[PDB]
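Here's the structure we're looking at; comments come further down.
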Amino acid sequence: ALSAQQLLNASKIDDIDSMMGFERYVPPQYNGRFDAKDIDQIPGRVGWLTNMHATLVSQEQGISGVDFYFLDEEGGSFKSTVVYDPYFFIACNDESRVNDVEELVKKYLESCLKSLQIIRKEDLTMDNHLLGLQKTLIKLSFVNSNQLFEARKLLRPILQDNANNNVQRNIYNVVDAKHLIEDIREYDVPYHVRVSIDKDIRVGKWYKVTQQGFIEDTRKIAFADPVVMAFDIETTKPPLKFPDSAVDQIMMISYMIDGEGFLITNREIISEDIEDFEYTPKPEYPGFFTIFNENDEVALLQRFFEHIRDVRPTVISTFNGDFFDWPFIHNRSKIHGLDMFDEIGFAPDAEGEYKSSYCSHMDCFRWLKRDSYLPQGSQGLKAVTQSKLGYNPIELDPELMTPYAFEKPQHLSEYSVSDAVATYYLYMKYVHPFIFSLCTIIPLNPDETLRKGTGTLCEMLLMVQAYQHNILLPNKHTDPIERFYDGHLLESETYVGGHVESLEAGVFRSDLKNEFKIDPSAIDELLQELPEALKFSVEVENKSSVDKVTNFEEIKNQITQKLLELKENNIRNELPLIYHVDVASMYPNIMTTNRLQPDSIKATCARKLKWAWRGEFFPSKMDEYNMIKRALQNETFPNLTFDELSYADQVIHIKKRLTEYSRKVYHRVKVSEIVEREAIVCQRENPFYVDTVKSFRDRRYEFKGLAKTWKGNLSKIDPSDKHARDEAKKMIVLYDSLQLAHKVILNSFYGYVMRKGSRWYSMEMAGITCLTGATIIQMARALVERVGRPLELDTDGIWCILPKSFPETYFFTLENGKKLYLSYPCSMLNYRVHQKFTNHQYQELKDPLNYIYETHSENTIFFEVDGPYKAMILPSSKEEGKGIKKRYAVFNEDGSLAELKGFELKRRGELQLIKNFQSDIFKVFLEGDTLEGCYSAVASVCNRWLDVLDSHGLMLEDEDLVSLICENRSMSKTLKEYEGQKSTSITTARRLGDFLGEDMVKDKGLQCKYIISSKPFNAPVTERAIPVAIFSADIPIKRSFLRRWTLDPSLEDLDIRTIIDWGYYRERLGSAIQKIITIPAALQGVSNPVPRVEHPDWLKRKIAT
DNA sequence: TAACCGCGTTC
DNA sequence: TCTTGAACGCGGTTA
Ligand SMILES: Nc1ncnc2c1ncn2[C@H]1C[C@H](O)[C@@H](COP(=O)(O)OP(=O)(O)OP(=O)(O)O)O1
Ligand SMILES: [Ca+2]
Ligand SMILES: [Ca+2]
């Protein structure tokens, strides 16, 4: 049956792979000893593994196996196949009768079963597993994965009535072979992952394919250089509209192959033959493009296809190729009578992405979305090239794409080529090293390593460890459709996450003094701890000993005297040191310190830790719940009766009906409560999980430290050596990229235990990680409060100021002449966290043969310092007593922007006016020589921006006004999925649809460019919202919609200037100028620097005193 | 006024 | 199907 298609597909894939240079290599037969240490002697072919896919194979029903795609040492390529029987396990609730269920499944599954076997694995949910006791399991093996699925289909009936009550007719009678099946296990492992794990094969490693299997050649390590292609397609476009692969044609396709550029053009659209040209944005990105002017598109497609066949690419990179370019070329190939999969072996898959068997499709957009660590407002190719490649790509407005086909083809070709350059070199210097290296530890191919969620990446890593330690995988987690608490249905339940505080606002600068009030008892405490904390820094922070340090006492006495000056003069007006302290990999290091794992949470090996639980429940109670349901049982349903509907479909009707009843009587739709819960953490459980976290943390620390090394080397580089300065700066962005790309995967080991379908779910374990972190950040803040003035706090980071005279940086001197770095403000914190948050109960197996553990003290929680900074600027809220958190600006000593966070300037969309405003104002806080002077200097910029708005934009030209006044906002789903909701995006989506057709809203992720109107008057802002595109429409079209939209049937004036509700914009900017300058200025004792923006009444009253 | 939502950041 | 988490700002509706 269904095998038919699979066997057919393989023959196809086999022929296309053969066409592209991968043909099955069957290694010679060897009757000599199979050790890895004789690899040179064993006959076989050595190659670099670049790809792997599951296949069926008819012998030399189909047989399951994995094709492996190799690049050989001699410049060629080949594939080799590994067969491996797929398998899962049957768990038994009576291990004395495994025999009987064994003989039962043997008969019952005769149709699909191949072989059967009794095994044993470690089960962390079984008592006495730490003493060597193991769970007995039946290993069912199959010829192919269809047979495996078939057995699952036959077992679940048994699995599902065993859960249901058995019906015994002889009521007067007080166990069957089928009821002994408790569960099946490891039944949902992707086959190629299973082969990849059980066989320890990884893409990116070198092997020698031999008769007895694959032998890793540890003597190579350096990756082979594959043939890499990257392409961009530019197409024709209806004015003010989206390209349609049904109507529109490809104008031109630009690509690059191992550094050499090319360019196809359809002369029917392009209207001019083009000639070889060069686009080399920077020396390190050479771009010589040869051009292939073609007559009809059909020839453009054939020529693109032809090349590919000649080049034999193993990697094809694009930029959003999965959802536009690849599909587009498909529809056009179909329309023009070409089958692309016969032409180049590419075709869409189940999720609609485009893959091939031999060549990986490397969509840079997927990397950027997951691993670039950039905001989504910075993930467009223009901005990515600036951040990561250090140059400005060529910018051409999409509306002018289609006409510039004729007016200036050569210009449009330059832009086409600019997209290709940026895509190839973005892939080659960021994606390709990261993904292929990742494959050497993660059992996926490049295509999957690029696209899988970071949680799944964590899961893959964890499954390797669990298998290699012979640990049985738990089945995927299943959230209950209904959960309750004190008789109330739970809308949602979670834990209290990170702790965040805004404590101050305003301007803080290295040349502008502040008041400090130092707690004298704080100085006493530090001095009591100074000797042991200094030893701590040397012994633990720098892994040395007090014996080889020679200036210990001077540094001590130096520190001691500065501290003593601060104890007497506790009231001081000094220049500040703007510092930031942040725990390195906080949550991971908290899990490793406390030996935290989902499997360590139990109900002395026991380390009791607290977390905070938070639930959201209906104030309704069981009585109300029981009633509403019966009501619902009586309605007829669209399709039916309520009981007829799926349990899920039932409860979702219930939830919508509960929200209404509770509001009527309870009057509150939901109730929030925080319960503190204590969980047991067994300090002796098999540590395979946390060890995986430990390993991946250390993997990241590798790159974070190299970033820090080269950030130091650039300081040593002399200003004149531009090449050196440039390379180091290039190394810094390289390692910052690599270390950030690991950060998300790393922290996903913490997320994973709350993820849906998690094989290792524990709400407790995540809760305890968060609450511990809240305790550590707050004890740190308590001390800096007593000795300085903290500014913002966020989970693990503290921005604070300190008196210039607070002990700062000191350098120990060693017997070796070497020096040890010491930041006193850092090590004073690090000593107290290590004295109050150390796990003295950490246990590990010392002797596995007799199960002897040693108990022990662990702690890897360290603050790290960056600073001192030149300026920090915190906004304040418009509301009394409140602050803005997760938003601020920081500046380095040289005047460069250190960090900008949270602000609209960084986010995607937002109103461009506030973007450009923020872009201009922040840097201005560096001027003036007094705080009052500084606010003045920024006030000048504010009034200038206030001027353009009070002038009703008569001040700057039209094409420049549309940008400043537009607000772009993306829309997660299609508008059809938003009804019952009102927003400026939702309106702009309808009006785009009405005027430009329903096609506009068919695809989600729409980006709604809108200005809001003055009319209708007193109408809600959501309703007075106009797509920008209308103002580029023909005058009759504009008038009809605008008058309709403004609700004035007689409006003749059709100028953007008249319609704009400049009032909205002034309020918006004012709130901006208010929170960033005016209100903050007051909290710093400065009378309103922008008097045209009025204060709030509460501030006026406190200003009034 | 306060609760609640979608989006997109900071952790 | 496949799928890391919680805390937060902001403009906007809604009770
Ligand atoms: N994307 C994320 N997913 C899950 N947890 C996260 C994420 N980002 C941050 N966290 C959590 C876990 C981190 O330990 C904690 C502190 O945030 P942050 O300081 O940005 O990261 P970090 O402390 O792990 O790395 P770093 O060494 O760069 O400080 O916040
Ligand atoms: Ca393009
Ligand atoms: Ca951190």
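The basis for the numbers below is simple: all heavy atoms, side chains too, and nothing from hydrogens, waters or symmetry mates. So you know, we letter chains A, B, ... as the sequences are listed, proteins then strands, and number each from 1.
Distance noted for atom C1' between C/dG9 and B/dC4: 15 Å (whole Å). The gap from the P atom of C/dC8 to that of B/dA3 amounts to 15 Å, rounded to the nearest Å. On the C1' atoms, B/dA2 is 16 Å away from C/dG11, given to the nearest whole Å.
At a threshold of 4.0 angstrom between heavy atoms, the contacts of A/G497 are confined to the sugar-phosphate backbone, with no base atom among them. Heavy atoms of A/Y761 sit nowhere under 4.0 angstrom from any nucleic acid atom. In this structure, A/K1075 reaches the sugar-phosphate backbone alone: every heavy-atom distance under 4.0 Å involves primed, P, OP1 or OP2 atoms, never a base. Note on A/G773: nothing from the nucleic acid sits closer than 4.0 angstrom, heavy atoms only. Using a 4.0 Å heavy-atom distance criterion, A/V744 is classed as a base contact. At a threshold of 4.0 angstrom between heavy atoms, the contacts of A/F903 with the nucleic acid are absent. Using a 4.0 Å heavy-atom criterion, one finds that A/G757 contacts the bases of the nucleic acid, with or without backbone contacts as well. Nucleic acid contact class of A/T454 (heavy atoms, under 4.0 Å, all strands): base. Using a 4.0 Å heavy-atom criterion, one finds that A/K982 contacts the sugar-phosphate atoms exclusively. As judged by a 4.0 angstrom heavy-atom cut-off over every strand, A/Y587 is placed among residues making no nucleic acid contact.
Regarding contacts with the backbone of C/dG9, every side-chain N or O of A/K878 stays at 4.0 angstrom or more from both OP1 and OP2. OP1 or OP2 of C/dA15 has not a single side-chain nitrogen or oxygen of A/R663 nearer than 4.0 Å. In this model, the phosphate group of C/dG12 is approached by a side-chain N or O of A/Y1064 to a distance below 4.0 Å at OP1 or OP2. Between A/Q981 and B/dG6 there is a side-chain N or O to OP1 or OP2 distance below 4.0 Å. When the side-chain nitrogen and oxygen atoms of A/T984 are compared with OP1 and OP2 of C/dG12, none of them lie within a distance under 4.0 Å. For the pair A/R451 and C/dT1, the criterion of a side-chain N or O lying under 4.0 Å from OP1 or OP2 is not met. Applying the 4.0 Å criterion to OP1 and OP2 of B/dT9, one finds that A/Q376 has a side-chain N or O inside that range. Between A/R887 and C/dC10 there is a side-chain N or O to OP1 or OP2 distance below 4.0 Å.
Between the CZ atom of A/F749 and the P atom of C/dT3 there is a distance of 15 Å, rounded to whole Å. Rounded to whole Å, the distance from CZ on A/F149 to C1' on C/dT1 is 12 Å. Rounded to an integer number of Å, the gap from A/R907 CZ to B/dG6 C1' is 10 Å. For A/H499 and C/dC8, the NE2 to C1' distance is 13 Å, given to the nearest whole Å. A/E616 has its CD atom 10 Å from the P atom of B/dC5, to the nearest Å. To the nearest angstrom, P of B/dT10 lies 11 Å from CG of A/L374. Going from atom OH of A/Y1010 over to atom P of B/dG6 covers 16 Å, rounded to whole Å. Atoms CZ (A/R614) and P (C/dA6) sit 8 Å apart, rounded to a whole Å.
A/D371 has no carboxylate O lying under 4.0 Å from a charged side-chain N of A/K743, or vice versa, which leaves the two without a salt bridge. A salt bridge links A/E1023 to A/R991: one of the charged nitrogens lies within less than 4.0 Å of a carboxylate oxygen. Looking at A/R1024 and A/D1061, a side-chain N of the basic residue comes within less than 4.0 Å of a carboxylate O on the acidic one, giving a salt bridge.
Side-chain atoms of A/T494 lie closest to C/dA6 of the nucleotides B/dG8, C/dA6, C/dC10. Here the side chain of A/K476 is nearest to one of B/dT10, C/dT3, C/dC2, namely C/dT3. Distance from the side chain of A/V669 is smallest to B/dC4 among C/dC8, C/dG12, B/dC4. Of all nucleotides listed (B/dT10, B/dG8, C/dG5), B/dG8 comes nearest to the side chain of A/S970. Nearest to the side-chain atoms of A/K886 among the listed nucleotides C/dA7, B/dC7, B/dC4 stands C/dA7. Comparing B/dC4, C/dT4, B/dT9 by their closest approach to the side chain of A/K670 singles out B/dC4. Side-chain atoms of A/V1021 lie closest to C/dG12 of the nucleotides C/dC8, C/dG12, B/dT10. Distances were taken from every side-chain heavy atom of A/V496 (C-beta onward) to each of C/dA7, C/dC2, C/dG9; the shortest belongs to C/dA7. Listed candidates were C/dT13, B/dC7, B/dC4. Nearest to the side chain of A/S972 is B/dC7.
B/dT9: sugar pucker north (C1'-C2'-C3'-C4' torsion positive). Regarding nucleotide B/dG6, the torsion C1'-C2'-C3'-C4' is less than zero, so its sugar is described as south. The pentose of C/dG5 is categorized as north (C3'-endo side) on the basis of a positive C1'-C2'-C3'-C4' torsion.
Ring geometry, A/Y495 versus A/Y750: the interplanar angle exceeds 60°, so the pair is classed perpendicular (tilted spans 30 to 60°). Between A/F434 and A/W367, the ring planes lie perpendicular to each other; the angle is over 60°, past the 30° to 60° tilted range. Between A/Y752 and A/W760, the two ring planes are tilted [angle within 30° to 60°].
Of the inter-residue distances, the one linking A/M460 atom CE with A/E448 atom CD reads 9.0 Å to the nearest 0.5 angstrom. In this structure, A/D363 CG and A/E353 CD are separated by 8.0 Å, a value rounded to the nearest 0.5 Å.
At a cut-off of 3.5 angstrom, counting only N and O atoms as typed in the model, there is no donor on one side facing an acceptor on the other between the side-chain of A/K756 and the base of C/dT3.
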Exercise. Check step by step if salt bridge (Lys or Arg N to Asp or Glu O under 4.0 Å) holds for A/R451 and A/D322.
Key: CA-CA 11 Å; A/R451 291 167 178 87; A/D322 267 326; 3.1 Å; yes
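Map A/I914 and A/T456 each onto its nearest nucleotide of DNA chain C; the residue landing nearer the 5' end is A/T456. Along DNA chain B, the nucleotide nearest A/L900 and the nucleotide nearest A/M971 are compared for position; the residue whose nucleotide lies closer to the 5' end is A/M971.
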